[PDB]
file data_23.cif (mmCIF, C-alpha atoms and all ligand atoms)
data_entry
#
loop_
_atom_site.label_atom_id
_atom_site.label_comp_id
_atom_site.auth_asym_id
_atom_site.auth_seq_id
_atom_site.Cartn_x
_atom_site.Cartn_y
_atom_site.Cartn_z
CA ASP O 4 20.28 -1.41 -25.29
CA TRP O 5 17.09 -2.16 -23.30
CA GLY O 6 15.74 -0.45 -20.15
CA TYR O 7 12.57 0.97 -18.64
CA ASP O 8 12.37 4.50 -20.10
CA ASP O 9 10.13 5.22 -23.13
CA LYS O 10 12.86 4.84 -25.80
CA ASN O 11 14.09 1.40 -24.63
CA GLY O 12 11.25 0.16 -22.34
CA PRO O 13 8.65 -2.65 -22.08
CA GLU O 14 6.59 -1.44 -25.08
CA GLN O 15 9.74 -1.40 -27.28
CA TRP O 16 11.30 -4.73 -26.23
CA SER O 17 9.44 -6.68 -28.99
CA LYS O 18 11.70 -5.01 -31.63
CA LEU O 19 14.86 -6.97 -30.68
CA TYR O 20 12.99 -9.54 -28.58
CA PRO O 21 9.91 -10.78 -30.50
CA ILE O 22 9.25 -13.33 -27.73
CA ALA O 23 7.87 -10.30 -25.78
CA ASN O 24 4.60 -10.97 -27.68
CA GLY O 25 4.79 -14.71 -26.88
CA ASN O 26 2.24 -17.06 -25.36
CA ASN O 27 3.98 -17.62 -22.00
CA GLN O 28 4.99 -14.09 -20.97
CA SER O 29 5.29 -12.74 -17.40
CA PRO O 30 4.16 -11.03 -15.21
CA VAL O 31 0.38 -11.68 -15.18
CA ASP O 32 -2.69 -10.54 -13.25
CA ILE O 33 -3.81 -13.43 -11.08
CA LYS O 34 -7.65 -13.53 -11.06
CA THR O 35 -8.55 -15.55 -7.99
CA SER O 36 -11.97 -16.57 -9.35
CA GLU O 37 -10.21 -18.17 -12.36
CA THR O 38 -7.49 -20.09 -10.44
CA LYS O 39 -7.66 -23.91 -10.18
CA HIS O 40 -6.95 -25.59 -6.86
CA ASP O 41 -4.51 -28.50 -7.36
CA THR O 42 -4.31 -31.17 -4.58
CA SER O 43 -1.23 -32.63 -6.28
CA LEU O 44 0.92 -29.53 -5.46
CA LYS O 45 3.31 -30.21 -2.57
CA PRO O 46 4.47 -27.65 0.03
CA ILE O 47 7.35 -25.36 -0.99
CA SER O 48 10.59 -26.36 0.71
CA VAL O 49 13.54 -23.88 0.83
CA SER O 50 16.87 -24.74 2.39
CA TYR O 51 19.49 -22.04 1.86
CA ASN O 52 23.00 -21.89 3.24
CA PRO O 53 24.05 -18.32 4.24
CA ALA O 54 27.65 -19.20 3.16
CA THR O 55 26.48 -19.21 -0.53
CA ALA O 56 25.85 -15.43 -0.47
CA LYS O 57 28.53 -13.85 -2.74
CA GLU O 58 28.07 -10.36 -4.18
CA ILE O 59 25.80 -7.35 -4.67
CA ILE O 60 25.93 -5.55 -8.03
CA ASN O 61 24.43 -2.41 -9.52
CA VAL O 62 23.24 -3.56 -12.96
CA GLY O 63 21.99 -0.17 -14.20
CA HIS O 64 18.28 -1.06 -14.31
CA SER O 65 18.31 -2.75 -10.89
CA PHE O 66 20.60 -4.41 -8.37
CA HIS O 67 21.29 -8.12 -7.92
CA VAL O 68 22.43 -10.24 -4.97
CA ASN O 69 24.23 -13.26 -6.36
CA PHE O 70 24.98 -16.63 -4.78
CA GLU O 71 27.61 -19.32 -5.33
CA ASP O 72 25.84 -22.05 -7.30
CA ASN O 73 28.53 -24.75 -7.73
CA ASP O 74 26.68 -27.25 -5.51
CA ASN O 75 23.35 -27.94 -3.71
CA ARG O 76 24.04 -26.05 -0.52
CA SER O 77 21.04 -23.79 -1.27
CA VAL O 78 17.98 -25.35 -2.93
CA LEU O 79 14.26 -25.07 -3.66
CA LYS O 80 12.17 -28.29 -3.69
CA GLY O 81 8.48 -29.25 -3.61
CA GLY O 82 5.53 -27.34 -4.99
CA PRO O 83 5.01 -28.35 -8.64
CA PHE O 84 8.57 -29.67 -8.92
CA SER O 85 10.06 -33.14 -9.09
CA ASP O 86 13.55 -31.67 -9.57
CA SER O 87 15.66 -29.76 -7.04
CA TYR O 88 16.41 -26.13 -8.12
CA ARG O 89 19.56 -24.33 -7.11
CA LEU O 90 19.47 -20.73 -5.73
CA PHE O 91 21.49 -18.25 -7.80
CA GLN O 92 20.13 -14.74 -7.20
CA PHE O 93 17.57 -12.47 -5.60
CA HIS O 94 16.48 -8.95 -6.62
CA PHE O 95 13.55 -6.56 -6.44
CA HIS O 96 11.30 -4.60 -8.71
CA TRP O 97 9.72 -1.28 -7.73
CA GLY O 98 7.76 1.65 -9.28
CA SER O 99 7.89 5.49 -9.56
CA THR O 100 5.52 5.89 -6.59
CA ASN O 101 4.02 3.67 -3.85
CA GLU O 102 0.85 3.18 -6.01
CA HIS O 103 2.53 0.71 -8.31
CA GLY O 104 5.78 -1.22 -8.40
CA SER O 105 5.00 -4.91 -8.26
CA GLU O 106 5.17 -6.94 -11.49
CA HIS O 107 2.44 -9.48 -10.72
CA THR O 108 -0.98 -8.19 -9.63
CA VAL O 109 -3.78 -10.03 -7.81
CA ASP O 110 -7.39 -9.29 -8.89
CA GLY O 111 -6.11 -6.07 -10.48
CA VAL O 112 -4.38 -4.82 -7.33
CA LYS O 113 -0.86 -3.32 -7.77
CA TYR O 114 1.61 -3.64 -4.87
CA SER O 115 4.55 -1.29 -4.13
CA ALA O 116 7.40 -3.66 -4.96
CA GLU O 117 8.15 -7.35 -5.65
CA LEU O 118 10.92 -9.71 -4.44
CA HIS O 119 12.22 -12.37 -6.89
CA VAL O 120 14.25 -15.36 -5.62
CA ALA O 121 15.62 -17.18 -8.70
CA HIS O 122 16.79 -20.78 -9.08
CA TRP O 123 17.92 -23.12 -11.88
CA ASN O 124 17.27 -26.78 -12.56
CA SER O 125 20.51 -28.49 -11.51
CA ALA O 126 18.90 -31.97 -11.72
CA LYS O 127 18.56 -31.72 -15.52
CA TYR O 128 21.21 -29.10 -16.45
CA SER O 129 24.89 -28.37 -15.76
CA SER O 130 24.78 -24.56 -15.51
CA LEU O 131 22.53 -21.54 -15.31
CA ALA O 132 23.57 -20.64 -18.89
CA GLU O 133 22.23 -24.03 -20.14
CA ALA O 134 19.07 -23.98 -17.97
CA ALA O 135 18.02 -20.36 -18.73
CA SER O 136 16.47 -21.03 -22.15
CA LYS O 137 14.75 -24.42 -21.33
CA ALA O 138 10.99 -24.62 -20.51
CA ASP O 139 11.75 -26.35 -17.20
CA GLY O 140 15.04 -24.54 -16.56
CA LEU O 141 14.13 -21.81 -14.04
CA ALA O 142 12.01 -21.47 -10.86
CA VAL O 143 11.38 -17.96 -9.41
CA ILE O 144 9.53 -17.23 -6.14
CA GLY O 145 7.72 -13.88 -6.35
CA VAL O 146 6.72 -12.10 -3.12
CA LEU O 147 4.39 -9.06 -3.31
CA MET O 148 5.59 -6.13 -1.16
CA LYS O 149 2.89 -3.98 0.47
CA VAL O 150 3.78 -0.46 1.60
CA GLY O 151 3.35 -0.06 5.39
CA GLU O 152 5.67 -0.87 8.30
CA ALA O 153 9.46 -0.91 7.81
CA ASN O 154 10.74 -4.43 7.20
CA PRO O 155 13.77 -5.21 9.44
CA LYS O 156 14.74 -8.30 7.40
CA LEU O 157 15.61 -5.94 4.49
CA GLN O 158 18.31 -4.25 6.62
CA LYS O 159 21.50 -5.90 5.39
CA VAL O 160 20.37 -5.44 1.78
CA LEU O 161 19.52 -1.76 2.24
CA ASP O 162 22.71 -1.04 4.20
CA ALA O 163 24.74 -2.49 1.29
CA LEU O 164 23.37 -0.06 -1.35
CA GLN O 165 25.64 2.89 -0.36
CA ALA O 166 28.63 0.87 -1.67
CA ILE O 167 27.09 0.22 -5.10
CA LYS O 168 25.44 3.57 -5.93
CA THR O 169 26.31 3.80 -9.62
CA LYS O 170 26.17 1.38 -12.53
CA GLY O 171 28.74 -1.42 -12.50
CA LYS O 172 29.76 -1.06 -8.86
CA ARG O 173 29.87 -4.30 -6.86
CA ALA O 174 30.76 -5.48 -3.39
CA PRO O 175 31.03 -8.72 -1.40
CA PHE O 176 27.71 -9.62 0.21
CA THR O 177 28.13 -12.63 2.47
CA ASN O 178 26.55 -14.75 5.19
CA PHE O 179 22.92 -14.12 4.26
CA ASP O 180 19.98 -16.52 4.03
CA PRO O 181 17.23 -14.98 1.81
CA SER O 182 14.55 -17.38 3.11
CA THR O 183 14.44 -14.78 5.98
CA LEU O 184 12.74 -12.43 3.47
CA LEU O 185 9.89 -14.89 2.65
CA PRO O 186 6.42 -14.58 4.28
CA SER O 187 5.54 -16.97 7.11
CA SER O 188 2.93 -18.79 4.96
CA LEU O 189 4.28 -20.35 1.79
CA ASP O 190 0.82 -20.85 0.25
CA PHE O 191 1.25 -20.08 -3.40
CA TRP O 192 0.04 -19.70 -6.97
CA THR O 193 1.98 -21.30 -9.85
CA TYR O 194 1.93 -20.80 -13.63
CA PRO O 195 4.27 -21.30 -16.63
CA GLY O 196 5.87 -18.05 -17.73
CA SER O 197 8.96 -16.07 -18.56
CA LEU O 198 11.78 -13.79 -17.48
CA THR O 199 10.16 -10.38 -16.93
CA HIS O 200 12.85 -8.51 -18.87
CA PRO O 201 15.13 -9.25 -21.87
CA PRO O 202 15.92 -11.80 -22.97
CA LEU O 203 12.36 -12.74 -21.85
CA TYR O 204 12.90 -16.53 -22.23
CA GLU O 205 9.79 -18.59 -21.54
CA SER O 206 11.76 -20.74 -19.08
CA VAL O 207 10.26 -19.84 -15.71
CA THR O 208 7.92 -21.77 -13.40
CA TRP O 209 6.50 -18.99 -11.21
CA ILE O 210 5.75 -19.48 -7.53
CA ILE O 211 3.78 -16.44 -6.29
CA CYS O 212 3.19 -16.23 -2.53
CA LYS O 213 -0.37 -15.48 -1.37
CA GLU O 214 0.95 -13.60 1.71
CA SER O 215 2.66 -10.20 1.15
CA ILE O 216 5.66 -8.86 3.05
CA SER O 217 5.99 -5.30 4.27
CA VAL O 218 8.21 -2.42 3.07
CA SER O 219 8.20 1.20 4.28
CA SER O 220 7.81 4.29 2.05
CA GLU O 221 11.39 5.21 3.11
CA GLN O 222 12.71 1.73 2.27
CA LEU O 223 11.30 2.13 -1.25
CA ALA O 224 12.94 5.54 -1.46
CA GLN O 225 16.33 3.77 -0.90
CA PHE O 226 15.71 1.56 -4.00
CA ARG O 227 14.79 4.66 -6.05
CA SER O 228 17.88 6.56 -5.00
CA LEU O 229 20.14 3.98 -6.68
CA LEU O 230 21.65 5.52 -9.78
CA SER O 231 21.52 4.11 -13.31
CA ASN O 232 24.42 6.22 -14.65
CA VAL O 233 28.12 5.47 -14.22
CA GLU O 234 30.24 7.32 -11.66
CA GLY O 235 31.09 10.88 -12.75
CA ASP O 236 28.07 11.28 -15.07
CA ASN O 237 24.89 13.29 -14.39
CA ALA O 238 22.82 11.42 -11.77
CA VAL O 239 19.88 9.37 -13.14
CA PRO O 240 17.86 7.76 -10.30
CA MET O 241 16.55 4.24 -10.85
CA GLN O 242 12.89 5.36 -10.58
CA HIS O 243 11.15 2.12 -11.73
CA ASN O 244 11.82 -1.33 -13.24
CA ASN O 245 8.47 -3.17 -13.33
CA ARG O 246 6.99 -4.68 -16.52
CA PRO O 247 3.20 -4.35 -17.14
CA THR O 248 1.15 -7.56 -16.83
CA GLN O 249 0.85 -9.70 -19.96
CA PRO O 250 -2.00 -11.82 -21.49
CA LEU O 251 -2.50 -15.32 -20.05
CA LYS O 252 -3.21 -16.66 -23.56
CA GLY O 253 -5.11 -19.62 -22.05
CA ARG O 254 -2.62 -20.64 -19.32
CA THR O 255 -3.96 -21.90 -16.01
CA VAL O 256 -2.88 -20.37 -12.72
CA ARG O 257 -2.96 -23.13 -10.12
CA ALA O 258 -3.45 -22.60 -6.38
CA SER O 259 -1.85 -24.65 -3.60
CA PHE O 260 -4.66 -23.53 -1.22
ZN ZN L 301 12.66 -10.03 -11.39
#
call {"tool": "encode", "arguments": {"input": "data_23.cif", "output": "structure tokens", "more": "lines below"}}
Ligand SMILES: [Zn+2]
result
Amino acid sequence: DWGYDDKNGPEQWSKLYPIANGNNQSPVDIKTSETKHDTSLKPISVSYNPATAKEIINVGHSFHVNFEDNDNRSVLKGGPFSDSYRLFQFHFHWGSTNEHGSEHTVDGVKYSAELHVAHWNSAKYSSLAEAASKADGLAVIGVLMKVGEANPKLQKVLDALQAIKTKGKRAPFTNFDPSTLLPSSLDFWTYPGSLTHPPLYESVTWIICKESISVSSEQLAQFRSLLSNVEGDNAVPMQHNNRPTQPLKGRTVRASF
């Protein structure tokens, strides 16, 4: 079983998942002096239907907000993509303290947390399960979260956590459009990469926003007070779930700006 502690964590993952030492691993440090501006990149277009919001789940290492993905009610288009990608989930990563917590870094700078909005290629594939292992199967928008002012758009999500405190708990989570969590500028970086935890498939086209969103110290505390243990066991707070940055191995990070 994999996690984030020292026995089962990022430095150990290569034992059952050798792709952890692959050539297209994520996250990465984005060095802005080494990025290549690409005039061919189109604007990012998101069109999400709040009716697709389904469920919030404590998954032990994190929590997930899942969406109905049976049709194209909620889609990502544009950027580097010719295909339409269907929303299926969003989640966050965070760290032990405010000083770290993001997965991607920019010129070496670590942010406090990171939002991931994940989609699958419904133009080419019939299901998430099919798409997840294909090079062009997944598209994830990453948004760096900078500690500062409380973010009111996080409210519904944070209010839901009291109902899913321990591992395996789940609740309906409905009528929510996660494009409300995105920054006002959708200027972005893009590079070919991977899932940031097992199974670590190199199936993700990353879209990293240039503009951060805010999160308060107390909002981050709410993430960290989720519990990784099952109900009735000794409490084990979910202190962190960010992977260290990985070698670019010659990949190019492109800029839309
Ligand atoms: Zn993630």
call {"tool": "residues_near_ligand", "arguments": {"input": "data_23.cif", "ligand": "ligand ZN 301 (chain L)", "cutoff": "10 Å", "atoms": "only C-alpha atoms and all ligand atoms", "output": "PyMOL selection string"}}
result
chain O and resi 29-30+65+67+92-97+105-106+117-121+143-145+198-200+244-246
call {"tool": "residues_near_point", "arguments": {"input": "data_23.cif", "point": "(9.0, -15.1, -19.5)", "cutoff": "10 Å", "atoms": "all atoms listed in the file", "output": "ChimeraX atom specification"}}
result
/O:22-23,25-30,136,138,195-209,249
call {"tool": "write_last_selection", "arguments": {"input": "data_23.cif", "atoms": "C-alpha atoms", "output": "PDB file, in the coordinates of the input"}}
result
ATOM      1  CA  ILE O  22       9.250 -13.330 -27.730  1.00  0.00           C
ATOM      2  CA  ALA O  23       7.870 -10.300 -25.780  1.00  0.00           C
ATOM      3  CA  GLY O  25       4.790 -14.710 -26.880  1.00  0.00           C
ATOM      4  CA  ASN O  26       2.240 -17.060 -25.360  1.00  0.00           C
ATOM      5  CA  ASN O  27       3.980 -17.620 -22.000  1.00  0.00           C
ATOM      6  CA  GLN O  28       4.990 -14.090 -20.970  1.00  0.00           C
ATOM      7  CA  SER O  29       5.290 -12.740 -17.400  1.00  0.00           C
ATOM      8  CA  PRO O  30       4.160 -11.030 -15.210  1.00  0.00           C
ATOM      9  CA  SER O 136      16.470 -21.030 -22.150  1.00  0.00           C
ATOM     10  CA  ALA O 138      10.990 -24.620 -20.510  1.00  0.00           C
ATOM     11  CA  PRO O 195       4.270 -21.300 -16.630  1.00  0.00           C
ATOM     12  CA  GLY O 196       5.870 -18.050 -17.730  1.00  0.00           C
ATOM     13  CA  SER O 197       8.960 -16.070 -18.560  1.00  0.00           C
ATOM     14  CA  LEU O 198      11.780 -13.790 -17.480  1.00  0.00           C
ATOM     15  CA  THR O 199      10.160 -10.380 -16.930  1.00  0.00           C
ATOM     16  CA  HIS O 200      12.850  -8.510 -18.870  1.00  0.00           C
ATOM     17  CA  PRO O 201      15.130  -9.250 -21.870  1.00  0.00           C
ATOM     18  CA  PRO O 202      15.920 -11.800 -22.970  1.00  0.00           C
ATOM     19  CA  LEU O 203      12.360 -12.740 -21.850  1.00  0.00           C
ATOM     20  CA  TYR O 204      12.900 -16.530 -22.230  1.00  0.00           C
ATOM     21  CA  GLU O 205       9.790 -18.590 -21.540  1.00  0.00           C
ATOM     22  CA  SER O 206      11.760 -20.740 -19.080  1.00  0.00           C
ATOM     23  CA  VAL O 207      10.260 -19.840 -15.710  1.00  0.00           C
ATOM     24  CA  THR O 208       7.920 -21.770 -13.400  1.00  0.00           C
ATOM     25  CA  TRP O 209       6.500 -18.990 -11.210  1.00  0.00           C
ATOM     26  CA  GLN O 249       0.850  -9.700 -19.960  1.00  0.00           C
TER      27      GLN O 249
END
call {"tool": "closest_atom_pairs", "arguments": {"input": "data_23.cif", "of": "region 26-60 of chain O", "to": "region 147-160 of chain O", "cutoff": "12 Å", "atoms": "only C-alpha atoms", "output": "Markdown table"}}
result
| residue | atom | partner | partner_atom | distance |
| --- | --- | --- | --- | --- |
| O:56 | CA | O:160 | CA | 11.6 |
| O:58 | CA | O:160 | CA | 10.9 |
| O:59 | CA | O:160 | CA | 8.6 |
| O:60 | CA | O:160 | CA | 11.3 |
call {"tool": "residues_around", "arguments": {"input": "data_23.cif", "residues": "region 124-127 of chain O", "least_positions_apart": "6", "cutoff": "8 Å", "atoms": "only C-alpha atoms", "output": "list in words"}}
result
residues 86, 87, 88, 89, 134, 139, 140, 141 and 142 of chain O
call {"tool": "write_last_selection", "arguments": {"input": "data_23.cif", "atoms": "C-alpha atoms", "output": "CSV table (one decimal), in the frame of the given file"}}
result
chain,number,residue,atom,x,y,z
O,86,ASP,CA,13.6,-31.7,-9.6
O,87,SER,CA,15.7,-29.8,-7.0
O,88,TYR,CA,16.4,-26.1,-8.1
O,89,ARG,CA,19.6,-24.3,-7.1
O,134,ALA,CA,19.1,-24.0,-18.0
O,139,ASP,CA,11.8,-26.4,-17.2
O,140,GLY,CA,15.0,-24.5,-16.6
O,141,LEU,CA,14.1,-21.8,-14.0
O,142,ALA,CA,12.0,-21.5,-10.9
call {"tool": "atom_distance", "arguments": {"input": "data_23.cif", "atom1": "CA of residue 188 (chain O)", "atom2": "CA of residue 214 (chain O)"}}
result
6.4 Å
call {"tool": "atom_distance", "arguments": {"input": "data_23.cif", "atom1": "CA of residue 193 (chain O)", "atom2": "CA of residue 258 (chain O)"}}
result
6.6 Å
call {"tool": "closest_atom_pairs", "arguments": {"input": "data_23.cif", "of": "region 77-193 of chain O", "to": "region 228-243 of chain O", "cutoff": "6 Å", "atoms": "all atoms listed in the file", "output": "CSV"}}
result
residue,atom,partner,partner_atom,distance
O:97,CA,O:243,CA,5.4
O:98,CA,O:243,CA,4.2
O:99,CA,O:242,CA,5.1
O:168,CA,O:229,CA,5.4
O:169,CA,O:230,CA,5.0
O:170,CA,O:233,CA,4.8
call {"tool": "atom_distance", "arguments": {"input": "data_23.cif", "atom1": "CA of residue 247 (chain O)", "atom2": "CA of residue 226 (chain O)"}}
result
19.1 Å
call {"tool": "closest_residue", "arguments": {"input": "data_23.cif", "among": "O:135, O:223, O:4, O:44", "to": "residue 100 (chain O)", "atoms": "all atoms listed in the file"}}
result
O:223
call {"tool": "closest_residue", "arguments": {"input": "data_23.cif", "among": "O:47, O:90, O:185, O:68", "to": "residue 131 (chain O)", "atoms": "all atoms listed in the file"}}
result
O:90
call {"tool": "residues_near_point", "arguments": {"input": "data_23.cif", "point": "(-1.4, -33.6, -7.4)", "cutoff": "12 Å", "atoms": "only C-alpha atoms", "output": "PyMOL selection string"}}
result
chain O and resi 39-46+81-85+257-259
call {"tool": "residues_around", "arguments": {"input": "data_23.cif", "residues": "residue 180 (chain O)", "least_positions_apart": "2", "cutoff": "7 Å", "atoms": "all atoms listed in the file", "output": "JSON, numbers by chain"}}
result
{"O": [51, 52, 53, 178, 182, 183]}
call {"tool": "closest_residue", "arguments": {"input": "data_23.cif", "among": "O:184, O:109, O:224, O:218", "to": "residue 164 (chain O)", "atoms": "all atoms listed in the file"}}
result
O:224
call {"tool": "build_atoms", "arguments": {"input": "data_23.cif", "residues": "region 126-153 of chain O", "atoms": "N, CA and C atoms", "output": "mmCIF file, in the frame of the given file"}}
result
data_model
loop_
_atom_site.group_PDB
_atom_site.id
_atom_site.type_symbol
_atom_site.label_atom_id
_atom_site.label_comp_id
_atom_site.auth_asym_id
_atom_site.auth_seq_id
_atom_site.Cartn_x
_atom_site.Cartn_y
_atom_site.Cartn_z
ATOM 1 N N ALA O 126 19.142 -30.529 -11.535
ATOM 2 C CA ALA O 126 18.900 -31.970 -11.720
ATOM 3 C C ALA O 126 19.051 -32.344 -13.192
ATOM 4 N N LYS O 127 18.556 -31.485 -14.082
ATOM 5 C CA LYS O 127 18.560 -31.720 -15.520
ATOM 6 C C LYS O 127 19.741 -31.070 -16.241
ATOM 7 N N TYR O 128 20.225 -29.938 -15.721
ATOM 8 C CA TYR O 128 21.210 -29.100 -16.450
ATOM 9 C C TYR O 128 22.494 -28.869 -15.660
ATOM 10 N N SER O 129 23.571 -28.520 -16.370
ATOM 11 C CA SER O 129 24.890 -28.370 -15.760
ATOM 12 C C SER O 129 25.217 -26.960 -15.302
ATOM 13 N N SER O 130 24.499 -25.971 -15.837
ATOM 14 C CA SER O 130 24.780 -24.560 -15.510
ATOM 15 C C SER O 130 23.523 -23.715 -15.679
ATOM 16 N N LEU O 131 23.544 -22.545 -15.049
ATOM 17 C CA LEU O 131 22.530 -21.540 -15.310
ATOM 18 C C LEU O 131 22.420 -21.192 -16.799
ATOM 19 N N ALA O 132 23.560 -20.979 -17.456
ATOM 20 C CA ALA O 132 23.570 -20.640 -18.890
ATOM 21 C C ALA O 132 22.806 -21.664 -19.749
ATOM 22 N N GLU O 133 23.008 -22.965 -19.497
ATOM 23 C CA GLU O 133 22.230 -24.030 -20.140
ATOM 24 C C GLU O 133 20.724 -23.996 -19.791
ATOM 25 N N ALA O 134 20.429 -23.927 -18.498
ATOM 26 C CA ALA O 134 19.070 -23.980 -17.970
ATOM 27 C C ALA O 134 18.168 -22.815 -18.398
ATOM 28 N N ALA O 135 18.767 -21.630 -18.562
ATOM 29 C CA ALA O 135 18.020 -20.360 -18.730
ATOM 30 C C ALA O 135 17.071 -20.302 -19.929
ATOM 31 N N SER O 136 17.351 -21.059 -20.985
ATOM 32 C CA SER O 136 16.470 -21.030 -22.150
ATOM 33 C C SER O 136 15.513 -22.241 -22.255
ATOM 34 N N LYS O 137 15.578 -23.173 -21.301
ATOM 35 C CA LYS O 137 14.750 -24.420 -21.330
ATOM 36 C C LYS O 137 13.420 -24.203 -20.633
ATOM 37 N N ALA O 138 12.329 -24.780 -21.157
ATOM 38 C CA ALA O 138 10.990 -24.620 -20.510
ATOM 39 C C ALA O 138 10.931 -24.958 -19.030
ATOM 40 N N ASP O 139 11.710 -25.941 -18.594
ATOM 41 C CA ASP O 139 11.750 -26.350 -17.200
ATOM 42 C C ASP O 139 13.041 -25.921 -16.498
ATOM 43 N N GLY O 140 13.691 -24.896 -17.032
ATOM 44 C CA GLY O 140 15.040 -24.540 -16.560
ATOM 45 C C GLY O 140 15.088 -23.679 -15.302
ATOM 46 N N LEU O 141 14.110 -22.778 -15.142
ATOM 47 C CA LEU O 141 14.130 -21.810 -14.040
ATOM 48 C C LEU O 141 12.897 -21.880 -13.146
ATOM 49 N N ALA O 142 13.105 -21.579 -11.858
ATOM 50 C CA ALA O 142 12.010 -21.470 -10.860
ATOM 51 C C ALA O 142 12.236 -20.151 -10.118
ATOM 52 N N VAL O 143 11.240 -19.256 -10.123
ATOM 53 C CA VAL O 143 11.380 -17.960 -9.410
ATOM 54 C C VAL O 143 10.200 -17.854 -8.427
ATOM 55 N N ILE O 144 10.528 -17.570 -7.173
ATOM 56 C CA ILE O 144 9.530 -17.230 -6.140
ATOM 57 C C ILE O 144 9.353 -15.730 -6.208
ATOM 58 N N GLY O 145 8.092 -15.288 -6.388
ATOM 59 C CA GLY O 145 7.720 -13.880 -6.350
ATOM 60 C C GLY O 145 6.946 -13.606 -5.063
ATOM 61 N N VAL O 146 7.343 -12.527 -4.371
ATOM 62 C CA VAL O 146 6.720 -12.100 -3.120
ATOM 63 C C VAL O 146 6.280 -10.642 -3.284
ATOM 64 N N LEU O 147 4.967 -10.417 -3.201
ATOM 65 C CA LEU O 147 4.390 -9.060 -3.310
ATOM 66 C C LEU O 147 4.738 -8.251 -2.063
ATOM 67 N N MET O 148 5.149 -6.994 -2.264
ATOM 68 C CA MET O 148 5.590 -6.130 -1.160
ATOM 69 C C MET O 148 4.602 -4.967 -0.995
ATOM 70 N N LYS O 149 3.936 -4.958 0.150
ATOM 71 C CA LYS O 149 2.890 -3.980 0.470
ATOM 72 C C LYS O 149 3.459 -2.861 1.341
ATOM 73 N N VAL O 150 3.317 -1.633 0.858
ATOM 74 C CA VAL O 150 3.780 -0.460 1.600
ATOM 75 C C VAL O 150 3.060 -0.385 2.965
ATOM 76 N N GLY O 151 3.849 -0.177 4.008
ATOM 77 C CA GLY O 151 3.350 -0.060 5.390
ATOM 78 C C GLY O 151 4.536 0.024 6.313
ATOM 79 N N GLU O 152 4.605 -0.874 7.285
ATOM 80 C CA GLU O 152 5.670 -0.870 8.300
ATOM 81 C C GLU O 152 7.034 -1.215 7.690
ATOM 82 N N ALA O 153 8.080 -0.572 8.207
ATOM 83 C CA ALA O 153 9.460 -0.910 7.810
ATOM 84 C C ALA O 153 9.728 -2.399 8.059
#
